[PDB]
């Protein structure tokens, strides 16, 4: 089987776990544990960081037979290509690229708050702008069923994830944008996904390490 490595948290690997399940990939997980405050030990990871044969060691990582990958985005693309979940036309490919990249940007702005020690003072305002990001997703999506075009591609897994996290941080966000509420239910409604979500394997929260200020436990 394949091996997926990451922190025993949701964080930025949600999209990959969803995808392995969607493609019915034969995989195993290694979920590393950090230590508690004050030191939050990383030894479980660090003891083996440099012993797996990875080009640029990091988490998440993926081992598949002789193939070893790091960089969450690269792992996504590799599975996309293996099960043919990419865009078919130049139009689709260009939407996919944009969305891949956008999600990363929004994921990071989030972290950095949820990691910003003034999480609170910063909060009110941060979520002052949560709306406008959401609006960008909505108009991009329009009336299509999937982000890239006619069928499901890798990017929907990425879009699903940040939109889910958003409506966790500001439940009242999804509100003005019904096409975003429907996407989330259509994604949640894919057979293989529905089953995963009720499984023992599923890990929705926490999103960050105990180090965070939100979804840290």
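Residue numbers count along the first chain shown, from 1. Think of the rigid core as the biggest set of C-alphas that the two forms share within 1.5 Å after superposition.
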item	value
Higher C-alpha RMS shift from the shown form in 5 other deposited structures of this protein - 1-9 or 208-216, rigid core fit	208-216
Residue range whose averaged C-alpha B-factor is higher in the record, 25-33 or 40-48	40-48
Residue stretch of maximal mean CA temperature factor, 11-19 vs 195-203	195-203
Maximum C-alpha temperature factor, selected from 97, 125, 90, 105	125
Residue, from 175, 55, 161, 188, that the PDB entry assigns the highest Cα B-factor	175
Modelled-residue ranking by C-alpha temperature factor, third containing residue 152	middle
Within-chain third of residue 109 by Cα B-factor, per the entry	highest
Residue 62, C-alpha B-factor rank within chain (lowest, middle or highest third)	lowest
Chain-relative CA temperature factor third for residue 82	lowest
Relative C-alpha B-factor of residue 71, binned into the chain's lowest, middle or highest third	lowest
